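Asker: Structure supplied as target.cif; contents: mmCIF, N, CA and C atoms.
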```cif
data_coords
loop_
_atom_site.label_atom_id
_atom_site.label_comp_id
_atom_site.auth_asym_id
_atom_site.auth_seq_id
_atom_site.Cartn_x
_atom_site.Cartn_y
_atom_site.Cartn_z
N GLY K 1 27.60 11.70 16.17
CA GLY K 1 26.28 12.22 15.87
C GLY K 1 25.23 11.72 16.84
N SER K 2 25.47 10.54 17.41
CA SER K 2 24.53 9.95 18.36
C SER K 2 24.67 10.59 19.74
N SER K 3 23.71 11.42 20.10
CA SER K 3 23.73 12.09 21.40
C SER K 3 22.42 11.86 22.15
N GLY K 4 21.31 12.23 21.52
CA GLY K 4 20.01 12.05 22.15
C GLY K 4 19.53 10.62 22.09
N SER K 5 18.69 10.32 21.11
CA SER K 5 18.15 8.97 20.95
C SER K 5 17.42 8.83 19.62
N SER K 6 16.66 9.85 19.26
CA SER K 6 15.90 9.84 18.01
C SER K 6 15.79 11.25 17.43
N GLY K 7 15.33 12.19 18.26
CA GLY K 7 15.18 13.56 17.81
C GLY K 7 13.92 14.21 18.35
N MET K 8 13.69 14.06 19.65
CA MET K 8 12.51 14.63 20.28
C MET K 8 11.23 14.00 19.74
N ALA K 9 10.55 13.23 20.58
CA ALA K 9 9.32 12.57 20.19
C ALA K 9 8.62 11.95 21.39
N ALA K 10 7.35 11.59 21.21
CA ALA K 10 6.57 10.98 22.28
C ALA K 10 7.21 9.68 22.75
N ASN K 11 7.06 9.38 24.04
CA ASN K 11 7.63 8.17 24.62
C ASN K 11 6.55 7.12 24.84
N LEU K 12 5.55 7.46 25.65
CA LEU K 12 4.46 6.54 25.95
C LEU K 12 4.98 5.23 26.53
N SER K 13 6.15 5.30 27.16
CA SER K 13 6.76 4.12 27.75
C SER K 13 6.43 4.02 29.24
N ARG K 14 6.69 5.10 29.97
CA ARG K 14 6.42 5.14 31.40
C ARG K 14 4.98 4.74 31.69
N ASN K 15 4.04 5.32 30.95
CA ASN K 15 2.62 5.02 31.13
C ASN K 15 2.12 4.10 30.02
N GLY K 16 2.92 3.11 29.67
CA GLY K 16 2.54 2.18 28.62
C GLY K 16 1.17 1.58 28.85
N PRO K 17 1.07 0.66 29.83
CA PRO K 17 -0.19 0.00 30.17
C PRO K 17 -1.32 0.98 30.42
N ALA K 18 -1.01 2.09 31.09
CA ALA K 18 -2.00 3.11 31.38
C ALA K 18 -2.63 3.65 30.10
N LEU K 19 -1.81 4.21 29.23
CA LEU K 19 -2.29 4.76 27.96
C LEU K 19 -3.07 3.72 27.18
N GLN K 20 -2.44 2.57 26.94
CA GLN K 20 -3.07 1.49 26.20
C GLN K 20 -4.43 1.13 26.81
N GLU K 21 -4.48 1.09 28.13
CA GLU K 21 -5.71 0.76 28.84
C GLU K 21 -6.85 1.68 28.40
N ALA K 22 -6.61 2.98 28.48
CA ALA K 22 -7.62 3.97 28.10
C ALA K 22 -7.99 3.82 26.63
N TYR K 23 -7.07 3.27 25.84
CA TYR K 23 -7.30 3.08 24.41
C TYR K 23 -8.08 1.79 24.16
N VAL K 24 -7.96 0.84 25.07
CA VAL K 24 -8.65 -0.43 24.95
C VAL K 24 -10.12 -0.30 25.34
N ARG K 25 -10.40 0.62 26.25
CA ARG K 25 -11.77 0.85 26.71
C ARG K 25 -12.57 1.61 25.66
N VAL K 26 -12.00 2.69 25.14
CA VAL K 26 -12.66 3.50 24.13
C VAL K 26 -13.04 2.66 22.91
N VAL K 27 -12.26 1.61 22.66
CA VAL K 27 -12.52 0.73 21.53
C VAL K 27 -13.42 -0.44 21.93
N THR K 28 -13.43 -0.75 23.23
CA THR K 28 -14.24 -1.84 23.74
C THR K 28 -15.56 -1.33 24.32
N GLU K 29 -16.66 -1.68 23.66
CA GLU K 29 -17.98 -1.25 24.11
C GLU K 29 -18.36 -1.93 25.42
N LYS K 30 -17.70 -3.04 25.72
CA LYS K 30 -17.96 -3.79 26.94
C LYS K 30 -17.90 -2.88 28.16
N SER K 31 -16.79 -2.17 28.31
CA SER K 31 -16.60 -1.26 29.44
C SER K 31 -17.18 0.11 29.13
N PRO K 32 -17.41 0.91 30.18
CA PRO K 32 -17.95 2.27 30.04
C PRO K 32 -16.89 3.29 29.68
N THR K 33 -16.80 3.62 28.39
CA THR K 33 -15.82 4.58 27.91
C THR K 33 -16.20 5.12 26.54
N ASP K 34 -16.54 6.41 26.48
CA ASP K 34 -16.92 7.05 25.23
C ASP K 34 -15.80 7.94 24.71
N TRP K 35 -14.97 8.43 25.62
CA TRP K 35 -13.86 9.31 25.26
C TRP K 35 -12.62 8.97 26.07
N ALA K 36 -11.52 9.67 25.78
CA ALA K 36 -10.27 9.44 26.48
C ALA K 36 -9.25 10.54 26.16
N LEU K 37 -8.84 11.27 27.18
CA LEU K 37 -7.87 12.35 27.01
C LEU K 37 -6.47 11.91 27.43
N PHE K 38 -5.46 12.39 26.72
CA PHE K 38 -4.08 12.04 27.03
C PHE K 38 -3.18 13.27 26.96
N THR K 39 -2.59 13.63 28.10
CA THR K 39 -1.71 14.79 28.17
C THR K 39 -0.34 14.40 28.73
N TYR K 40 0.62 15.31 28.60
CA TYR K 40 1.97 15.06 29.09
C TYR K 40 1.99 14.98 30.61
N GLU K 41 3.08 14.46 31.16
CA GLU K 41 3.23 14.33 32.60
C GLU K 41 3.74 15.63 33.22
N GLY K 42 5.02 15.90 33.02
CA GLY K 42 5.61 17.11 33.57
C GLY K 42 6.02 18.10 32.49
N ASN K 43 7.32 18.23 32.27
CA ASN K 43 7.84 19.14 31.26
C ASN K 43 8.73 18.41 30.26
N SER K 44 8.49 17.11 30.10
CA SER K 44 9.28 16.30 29.19
C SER K 44 8.37 15.49 28.26
N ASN K 45 8.98 14.82 27.28
CA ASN K 45 8.23 14.02 26.33
C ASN K 45 7.72 12.73 26.97
N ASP K 46 6.42 12.67 27.21
CA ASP K 46 5.81 11.49 27.82
C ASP K 46 4.30 11.67 27.95
N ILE K 47 3.56 11.10 27.01
CA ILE K 47 2.10 11.19 27.02
C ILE K 47 1.49 10.22 28.03
N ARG K 48 0.51 10.69 28.79
CA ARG K 48 -0.15 9.87 29.79
C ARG K 48 -1.65 10.15 29.82
N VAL K 49 -2.38 9.36 30.60
CA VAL K 49 -3.82 9.53 30.73
C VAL K 49 -4.16 10.81 31.49
N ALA K 50 -5.23 11.48 31.07
CA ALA K 50 -5.67 12.71 31.71
C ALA K 50 -7.11 12.60 32.19
N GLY K 51 -7.93 11.89 31.43
CA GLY K 51 -9.33 11.73 31.80
C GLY K 51 -10.04 10.73 30.91
N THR K 52 -10.98 9.99 31.50
CA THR K 52 -11.74 8.99 30.75
C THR K 52 -13.12 8.79 31.36
N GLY K 53 -14.13 8.66 30.50
CA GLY K 53 -15.49 8.46 30.97
C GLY K 53 -16.47 8.21 29.84
N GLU K 54 -17.71 7.91 30.19
CA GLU K 54 -18.74 7.65 29.20
C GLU K 54 -19.67 8.85 29.04
N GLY K 55 -19.15 10.03 29.35
CA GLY K 55 -19.95 11.24 29.24
C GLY K 55 -20.24 11.61 27.80
N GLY K 56 -19.45 11.08 26.88
CA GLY K 56 -19.64 11.37 25.47
C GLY K 56 -18.69 12.43 24.96
N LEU K 57 -19.19 13.30 24.09
CA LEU K 57 -18.38 14.37 23.52
C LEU K 57 -18.47 15.63 24.38
N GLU K 58 -19.58 15.77 25.10
CA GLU K 58 -19.79 16.93 25.96
C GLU K 58 -18.82 16.92 27.14
N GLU K 59 -18.56 15.72 27.66
CA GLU K 59 -17.65 15.57 28.79
C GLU K 59 -16.19 15.63 28.34
N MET K 60 -15.94 15.14 27.12
CA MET K 60 -14.59 15.14 26.57
C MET K 60 -14.08 16.56 26.37
N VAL K 61 -14.89 17.39 25.72
CA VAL K 61 -14.52 18.78 25.47
C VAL K 61 -14.40 19.56 26.77
N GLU K 62 -15.15 19.14 27.78
CA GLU K 62 -15.13 19.80 29.08
C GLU K 62 -13.76 19.64 29.75
N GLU K 63 -13.07 18.56 29.41
CA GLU K 63 -11.75 18.30 29.98
C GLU K 63 -10.66 19.03 29.19
N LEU K 64 -10.93 19.27 27.91
CA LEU K 64 -9.98 19.96 27.05
C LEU K 64 -9.59 21.31 27.64
N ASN K 65 -8.29 21.50 27.86
CA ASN K 65 -7.78 22.75 28.42
C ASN K 65 -7.12 23.60 27.34
N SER K 66 -7.68 24.78 27.11
CA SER K 66 -7.14 25.69 26.10
C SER K 66 -5.81 26.28 26.55
N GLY K 67 -4.72 25.68 26.10
CA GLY K 67 -3.40 26.17 26.47
C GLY K 67 -2.35 25.08 26.42
N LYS K 68 -2.79 23.83 26.47
CA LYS K 68 -1.88 22.69 26.43
C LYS K 68 -2.29 21.70 25.34
N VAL K 69 -1.30 21.03 24.75
CA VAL K 69 -1.56 20.06 23.70
C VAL K 69 -2.01 18.72 24.29
N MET K 70 -3.17 18.24 23.83
CA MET K 70 -3.71 16.98 24.31
C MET K 70 -4.31 16.18 23.16
N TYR K 71 -4.66 14.93 23.44
CA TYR K 71 -5.25 14.05 22.43
C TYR K 71 -6.59 13.51 22.90
N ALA K 72 -7.61 13.67 22.06
CA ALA K 72 -8.95 13.18 22.39
C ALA K 72 -9.33 11.99 21.52
N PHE K 73 -9.79 10.92 22.16
CA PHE K 73 -10.18 9.71 21.44
C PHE K 73 -11.62 9.33 21.78
N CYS K 74 -12.55 9.73 20.92
CA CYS K 74 -13.96 9.43 21.13
C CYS K 74 -14.42 8.29 20.21
N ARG K 75 -15.53 7.67 20.56
CA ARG K 75 -16.07 6.57 19.77
C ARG K 75 -17.58 6.72 19.59
N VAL K 76 -18.00 7.01 18.37
CA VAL K 76 -19.42 7.18 18.06
C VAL K 76 -19.84 6.27 16.91
N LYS K 77 -21.14 6.24 16.64
CA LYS K 77 -21.68 5.42 15.56
C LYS K 77 -22.09 6.28 14.37
N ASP K 78 -21.82 5.77 13.17
CA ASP K 78 -22.16 6.49 11.94
C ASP K 78 -23.67 6.53 11.74
N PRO K 79 -24.13 7.45 10.88
CA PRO K 79 -25.56 7.62 10.57
C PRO K 79 -26.09 6.51 9.67
N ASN K 80 -25.36 6.23 8.59
CA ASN K 80 -25.76 5.19 7.65
C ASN K 80 -25.18 3.84 8.05
N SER K 81 -23.87 3.79 8.23
CA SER K 81 -23.19 2.56 8.62
C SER K 81 -23.70 2.05 9.96
N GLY K 82 -23.99 2.98 10.87
CA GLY K 82 -24.48 2.61 12.18
C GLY K 82 -23.50 1.76 12.95
N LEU K 83 -22.23 1.83 12.56
CA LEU K 83 -21.18 1.05 13.23
C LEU K 83 -20.28 1.96 14.06
N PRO K 84 -19.67 1.38 15.11
CA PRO K 84 -18.78 2.12 16.01
C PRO K 84 -17.47 2.52 15.32
N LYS K 85 -17.32 3.81 15.06
CA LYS K 85 -16.12 4.32 14.41
C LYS K 85 -15.23 5.06 15.41
N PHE K 86 -13.93 5.07 15.14
CA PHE K 86 -12.98 5.74 16.01
C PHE K 86 -12.57 7.09 15.44
N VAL K 87 -12.62 8.13 16.27
CA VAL K 87 -12.26 9.47 15.85
C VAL K 87 -11.00 9.95 16.56
N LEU K 88 -10.15 10.66 15.83
CA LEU K 88 -8.91 11.18 16.40
C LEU K 88 -8.85 12.70 16.29
N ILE K 89 -8.68 13.37 17.43
CA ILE K 89 -8.61 14.82 17.46
C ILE K 89 -7.31 15.29 18.09
N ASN K 90 -6.61 16.19 17.40
CA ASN K 90 -5.35 16.72 17.90
C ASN K 90 -5.56 18.07 18.59
N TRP K 91 -6.09 18.03 19.81
CA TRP K 91 -6.34 19.25 20.57
C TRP K 91 -5.09 20.11 20.64
N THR K 92 -5.20 21.34 20.13
CA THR K 92 -4.07 22.26 20.14
C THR K 92 -4.49 23.63 20.66
N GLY K 93 -4.33 23.83 21.97
CA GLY K 93 -4.70 25.10 22.57
C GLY K 93 -4.06 26.28 21.87
N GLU K 94 -4.82 27.36 21.73
CA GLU K 94 -4.33 28.57 21.07
C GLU K 94 -3.27 29.26 21.92
N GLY K 95 -3.40 29.13 23.24
CA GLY K 95 -2.45 29.75 24.14
C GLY K 95 -1.03 29.29 23.89
N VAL K 96 -0.89 28.13 23.26
CA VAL K 96 0.43 27.58 22.96
C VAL K 96 1.13 28.39 21.87
N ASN K 97 2.39 28.74 22.11
CA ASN K 97 3.17 29.51 21.15
C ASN K 97 3.28 28.77 19.82
N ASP K 98 3.92 29.41 18.85
CA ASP K 98 4.10 28.82 17.53
C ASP K 98 5.29 27.87 17.52
N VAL K 99 6.36 28.25 18.21
CA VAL K 99 7.56 27.43 18.28
C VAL K 99 7.25 26.04 18.85
N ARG K 100 6.20 25.96 19.66
CA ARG K 100 5.80 24.70 20.26
C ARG K 100 4.87 23.92 19.33
N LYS K 101 3.94 24.63 18.71
CA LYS K 101 2.99 24.02 17.79
C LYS K 101 3.71 23.19 16.73
N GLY K 102 4.89 23.65 16.34
CA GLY K 102 5.67 22.95 15.33
C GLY K 102 6.51 21.83 15.92
N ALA K 103 6.75 21.91 17.23
CA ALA K 103 7.54 20.89 17.91
C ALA K 103 6.67 19.74 18.39
N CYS K 104 5.39 20.02 18.60
CA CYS K 104 4.45 19.00 19.05
C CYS K 104 3.92 18.18 17.88
N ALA K 105 3.93 18.78 16.69
CA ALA K 105 3.45 18.11 15.49
C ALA K 105 4.22 16.81 15.25
N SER K 106 5.49 16.79 15.65
CA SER K 106 6.33 15.62 15.47
C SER K 106 5.81 14.45 16.30
N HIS K 107 5.15 14.76 17.41
CA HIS K 107 4.60 13.74 18.29
C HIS K 107 3.32 13.15 17.71
N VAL K 108 2.59 13.96 16.95
CA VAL K 108 1.35 13.51 16.33
C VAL K 108 1.56 12.23 15.52
N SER K 109 2.73 12.12 14.89
CA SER K 109 3.05 10.95 14.09
C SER K 109 3.13 9.70 14.96
N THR K 110 3.72 9.85 16.15
CA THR K 110 3.86 8.73 17.07
C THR K 110 2.52 8.37 17.70
N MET K 111 1.80 9.37 18.19
CA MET K 111 0.50 9.15 18.81
C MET K 111 -0.50 8.60 17.80
N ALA K 112 -0.43 9.09 16.57
CA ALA K 112 -1.32 8.65 15.51
C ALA K 112 -1.29 7.13 15.37
N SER K 113 -0.08 6.57 15.38
CA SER K 113 0.09 5.13 15.24
C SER K 113 -0.47 4.40 16.46
N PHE K 114 -0.22 4.95 17.64
CA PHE K 114 -0.70 4.35 18.88
C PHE K 114 -2.22 4.23 18.87
N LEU K 115 -2.89 5.34 18.56
CA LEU K 115 -4.35 5.36 18.52
C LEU K 115 -4.86 4.99 17.13
N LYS K 116 -4.54 3.77 16.69
CA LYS K 116 -4.97 3.30 15.38
C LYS K 116 -6.49 3.11 15.34
N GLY K 117 -7.01 2.83 14.15
CA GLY K 117 -8.44 2.63 14.00
C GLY K 117 -9.17 3.91 13.65
N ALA K 118 -8.53 5.05 13.91
CA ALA K 118 -9.12 6.34 13.61
C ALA K 118 -9.62 6.41 12.17
N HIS K 119 -10.93 6.29 12.00
CA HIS K 119 -11.54 6.33 10.67
C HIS K 119 -11.41 7.72 10.06
N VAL K 120 -11.31 8.73 10.92
CA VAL K 120 -11.18 10.11 10.46
C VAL K 120 -10.29 10.92 11.40
N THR K 121 -9.53 11.85 10.82
CA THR K 121 -8.63 12.69 11.60
C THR K 121 -9.04 14.16 11.53
N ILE K 122 -9.00 14.84 12.67
CA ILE K 122 -9.37 16.24 12.73
C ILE K 122 -8.38 17.03 13.59
N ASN K 123 -7.89 18.14 13.05
CA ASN K 123 -6.94 18.99 13.76
C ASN K 123 -7.60 20.29 14.21
N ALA K 124 -8.18 20.28 15.40
CA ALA K 124 -8.85 21.46 15.94
C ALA K 124 -7.93 22.21 16.89
N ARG K 125 -8.44 23.30 17.46
CA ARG K 125 -7.66 24.11 18.39
C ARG K 125 -8.55 24.67 19.50
N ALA K 126 -9.73 25.14 19.12
CA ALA K 126 -10.68 25.71 20.07
C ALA K 126 -11.77 24.70 20.43
N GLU K 127 -12.51 24.99 21.49
CA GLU K 127 -13.59 24.11 21.93
C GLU K 127 -14.73 24.09 20.92
N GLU K 128 -14.85 25.17 20.15
CA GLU K 128 -15.90 25.28 19.15
C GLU K 128 -15.60 24.39 17.95
N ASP K 129 -14.32 24.07 17.76
CA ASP K 129 -13.90 23.22 16.65
C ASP K 129 -13.78 21.77 17.09
N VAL K 130 -14.51 21.41 18.14
CA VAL K 130 -14.48 20.05 18.67
C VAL K 130 -15.81 19.68 19.31
N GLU K 131 -16.88 20.32 18.85
CA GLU K 131 -18.22 20.06 19.38
C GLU K 131 -18.78 18.75 18.82
N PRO K 132 -19.81 18.22 19.48
CA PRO K 132 -20.46 16.97 19.07
C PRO K 132 -20.79 16.95 17.58
N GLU K 133 -21.50 17.97 17.12
CA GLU K 133 -21.88 18.07 15.72
C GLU K 133 -20.65 18.28 14.84
N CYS K 134 -19.74 19.13 15.30
CA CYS K 134 -18.52 19.42 14.56
C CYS K 134 -17.73 18.15 14.29
N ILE K 135 -17.91 17.15 15.15
CA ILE K 135 -17.21 15.88 15.00
C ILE K 135 -18.07 14.86 14.26
N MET K 136 -19.35 14.81 14.61
CA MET K 136 -20.28 13.88 13.97
C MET K 136 -20.42 14.19 12.49
N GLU K 137 -20.22 15.46 12.13
CA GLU K 137 -20.34 15.89 10.74
C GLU K 137 -19.23 15.27 9.89
N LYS K 138 -18.11 14.95 10.53
CA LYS K 138 -16.98 14.35 9.83
C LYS K 138 -17.02 12.83 9.94
N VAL K 139 -17.64 12.33 11.00
CA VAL K 139 -17.75 10.89 11.23
C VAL K 139 -18.55 10.22 10.11
N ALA K 140 -19.59 10.91 9.64
CA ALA K 140 -20.43 10.39 8.57
C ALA K 140 -19.70 10.40 7.24
N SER K 141 -18.90 11.45 7.01
CA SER K 141 -18.15 11.58 5.77
C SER K 141 -17.27 10.36 5.53
N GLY K 142 -17.64 9.57 4.52
CA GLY K 142 -16.87 8.37 4.21
C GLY K 142 -17.37 7.69 2.95
N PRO K 143 -16.66 6.63 2.53
CA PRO K 143 -17.02 5.86 1.34
C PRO K 143 -18.48 5.42 1.34
N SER K 144 -19.11 5.47 0.18
CA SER K 144 -20.51 5.08 0.05
C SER K 144 -20.85 4.72 -1.40
N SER K 145 -20.41 5.57 -2.33
CA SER K 145 -20.66 5.34 -3.74
C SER K 145 -19.97 6.41 -4.59
N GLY K 146 -19.19 5.96 -5.57
CA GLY K 146 -18.49 6.88 -6.45
C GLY K 146 -17.39 7.64 -5.72
#
```
For the structure just supplied, provide its representation as C-alpha cells.
Answerer:
Amino acid sequence: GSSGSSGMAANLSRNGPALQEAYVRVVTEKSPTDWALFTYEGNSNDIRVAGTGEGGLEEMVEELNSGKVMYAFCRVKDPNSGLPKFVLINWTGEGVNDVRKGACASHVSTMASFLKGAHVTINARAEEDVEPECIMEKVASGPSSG
C-alpha cells in the first residue's frame, strides 16, 4: 500500500526558511511587512514565496492572480481591540477547474497550520471578495460580550 508518501499535500520543505521568513515578518511589526503571498513553484506540490511588502491590502490583492491558487497573509489592527490580528485568506482563482479546487483544499489543512495565529479565516475567490473593507469587516468580528 505504501507507494507515494502521504496522499498528495503541501511540502513547504524546499522553501522552508523562505516561507517561514515571510511568515515571521508579517507577524513581526519590527520589519516592514503588511502582507505576504505564497504560491507553488512549478507543477508539483511545494508552496513558496511569491510577494511581500508593506503596501497593505491594496498591494496584496494587486499580486493576487485570478487563475492560480495562492495564500494571502495580512496583518491589521482591530477597531475595538486595537491589537495586531492575523488574517488568513485562501485565494482561489475562478479560472481554476473544479477537479483542482477539490485537490487544493487538502493543502489548506497543511498551510493552515503553518500560518498559525489566524484570528479569522476567509475563503474568497475573486478580487472583490478580498478587498480592504471586505477583510476588515471580518477582522472586527470577534468575542466581546455574550
Asker: Please produce, as CSV, a per-residue contact table for stretch 104-145 of chain K versus stretch 57-74 of chain K (criterion: any atom at most 10 Å away, only C-alpha atoms considered), showing the nearest atom pair and its distance in Å to one decimal, sorted by chain then residue number.
Answerer:
```
residue,atom,partner,partner_atom,distance
K:104,CA,K:69,CA,7.7
K:105,CA,K:69,CA,9.8
K:108,CA,K:71,CA,9.0
K:111,CA,K:71,CA,8.4
K:112,CA,K:71,CA,9.6
K:115,CA,K:73,CA,7.8
K:118,CA,K:73,CA,8.6
K:125,CA,K:66,CA,7.9
K:126,CA,K:66,CA,7.0
K:127,CA,K:61,CA,6.5
K:128,CA,K:61,CA,9.2
K:129,CA,K:61,CA,9.9
K:130,CA,K:61,CA,6.9
K:131,CA,K:57,CA,7.0
K:132,CA,K:57,CA,5.6
K:133,CA,K:57,CA,9.3
K:135,CA,K:57,CA,8.7
K:136,CA,K:57,CA,9.7
```
Asker: Expand the PyMOL selection byres (((chain K and resi 11 and name CA) around 8) and name CA) into the explicit residue set it covers here, and present it as a CSV table (one decimal) with N, CA and C atoms, in the coordinates of the input.
Answerer:
```csv
chain,number,residue,atom,x,y,z
K,9,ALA,N,10.6,13.2,20.6
K,9,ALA,CA,9.3,12.6,20.2
K,9,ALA,C,8.6,12.0,21.4
K,10,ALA,N,7.4,11.6,21.2
K,10,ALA,CA,6.6,11.0,22.3
K,10,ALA,C,7.2,9.7,22.8
K,12,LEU,N,5.6,7.5,25.6
K,12,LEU,CA,4.5,6.5,26.0
K,12,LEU,C,5.0,5.2,26.5
K,13,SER,N,6.2,5.3,27.2
K,13,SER,CA,6.8,4.1,27.8
K,13,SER,C,6.4,4.0,29.2
K,14,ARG,N,6.7,5.1,30.0
K,14,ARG,CA,6.4,5.1,31.4
K,14,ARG,C,5.0,4.7,31.7
K,45,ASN,N,9.0,14.8,27.3
K,45,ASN,CA,8.2,14.0,26.3
K,45,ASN,C,7.7,12.7,27.0
K,46,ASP,N,6.4,12.7,27.2
K,46,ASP,CA,5.8,11.5,27.8
K,46,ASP,C,4.3,11.7,28.0
K,47,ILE,N,3.6,11.1,27.0
K,47,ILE,CA,2.1,11.2,27.0
K,47,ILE,C,1.5,10.2,28.0
```
Asker: Leaving out residue K:116 and any residue of its chain fewer than 5 positions from it, which residues lie within 12 Å of it when counting only C-alpha atoms, given as a PDB file with N, CA and C atoms, keeping the file's coordinate frame?
Answerer:
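What follows is the written file result_26.pdb:
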```pdb
ATOM      1  N   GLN K  20      -2.440   2.570  26.940  1.00  0.00           N
ATOM      2  CA  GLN K  20      -3.070   1.490  26.200  1.00  0.00           C
ATOM      3  C   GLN K  20      -4.430   1.130  26.810  1.00  0.00           C
ATOM      4  N   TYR K  23      -7.070   3.270  25.840  1.00  0.00           N
ATOM      5  CA  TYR K  23      -7.300   3.080  24.410  1.00  0.00           C
ATOM      6  C   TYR K  23      -8.080   1.790  24.160  1.00  0.00           C
ATOM      7  N   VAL K  24      -7.960   0.840  25.070  1.00  0.00           N
ATOM      8  CA  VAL K  24      -8.650  -0.430  24.950  1.00  0.00           C
ATOM      9  C   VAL K  24     -10.120  -0.300  25.340  1.00  0.00           C
ATOM     10  N   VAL K  26     -12.000   2.690  25.140  1.00  0.00           N
ATOM     11  CA  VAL K  26     -12.660   3.500  24.130  1.00  0.00           C
ATOM     12  C   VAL K  26     -13.040   2.660  22.910  1.00  0.00           C
ATOM     13  N   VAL K  27     -12.260   1.610  22.660  1.00  0.00           N
ATOM     14  CA  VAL K  27     -12.520   0.730  21.530  1.00  0.00           C
ATOM     15  C   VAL K  27     -13.420  -0.440  21.930  1.00  0.00           C
ATOM     16  N   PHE K  73      -9.790  10.920  22.160  1.00  0.00           N
ATOM     17  CA  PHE K  73     -10.180   9.710  21.440  1.00  0.00           C
ATOM     18  C   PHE K  73     -11.620   9.330  21.780  1.00  0.00           C
ATOM     19  N   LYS K  85     -17.320   3.810  15.060  1.00  0.00           N
ATOM     20  CA  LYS K  85     -16.120   4.320  14.410  1.00  0.00           C
ATOM     21  C   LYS K  85     -15.230   5.060  15.410  1.00  0.00           C
ATOM     22  N   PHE K  86     -13.930   5.070  15.140  1.00  0.00           N
ATOM     23  CA  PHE K  86     -12.980   5.740  16.010  1.00  0.00           C
ATOM     24  C   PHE K  86     -12.570   7.090  15.440  1.00  0.00           C
ATOM     25  N   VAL K  87     -12.620   8.130  16.270  1.00  0.00           N
ATOM     26  CA  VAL K  87     -12.260   9.470  15.850  1.00  0.00           C
ATOM     27  C   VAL K  87     -11.000   9.950  16.560  1.00  0.00           C
ATOM     28  N   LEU K  88     -10.150  10.660  15.830  1.00  0.00           N
ATOM     29  CA  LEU K  88      -8.910  11.180  16.400  1.00  0.00           C
ATOM     30  C   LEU K  88      -8.850  12.700  16.290  1.00  0.00           C
ATOM     31  N   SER K 109       2.730  12.120  14.890  1.00  0.00           N
ATOM     32  CA  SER K 109       3.050  10.950  14.090  1.00  0.00           C
ATOM     33  C   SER K 109       3.130   9.700  14.960  1.00  0.00           C
ATOM     34  N   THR K 110       3.720   9.850  16.150  1.00  0.00           N
ATOM     35  CA  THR K 110       3.860   8.730  17.070  1.00  0.00           C
ATOM     36  C   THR K 110       2.520   8.370  17.700  1.00  0.00           C
ATOM     37  N   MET K 111       1.800   9.370  18.190  1.00  0.00           N
ATOM     38  CA  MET K 111       0.500   9.150  18.810  1.00  0.00           C
ATOM     39  C   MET K 111      -0.500   8.600  17.800  1.00  0.00           C
ATOM     40  N   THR K 121      -9.530  11.850  10.820  1.00  0.00           N
ATOM     41  CA  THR K 121      -8.630  12.690  11.600  1.00  0.00           C
ATOM     42  C   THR K 121      -9.040  14.160  11.530  1.00  0.00           C
TER      43      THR K 121
END
```
Asker: Can you pull out every residue from chain K that DSSP, working from the backbone, puts in strand (DSSP E), and format the result as a ChimeraX atom specification?
Answerer: /K:35-40,47-53,69-77,84-92,118-122
Asker: In Å, rounded to a single decimal, give me how far atom N of residue K:139 is from atom C of residue K:37.
Answerer: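 Atom N of residue K:139 lies 19.9 Å from atom C of residue K:37.
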Asker: Which distance in Å separates atom C of residue K:92 and atom C of residue K:124, to one decimal?
Answerer: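 Value for the atom C of residue K:92-atom C of residue K:124 distance: 5.3 Å.
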Asker: Could you work out how far atom CA of residue K:34 lies from atom CA of residue K:75, giving the answer in Å with one decimal?
Answerer: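 Atom-to-atom, atom CA of residue K:75 and atom CA of residue K:34 are spaced 5.5 Å apart.
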Asker: From stretch 45-134 of chain K, collect each residue whose DSSP state is alpha helix (DSSP H) and return the set as an MDAnalysis selection string.
Answerer: chainID K and resid 57:63 98:114 132:134
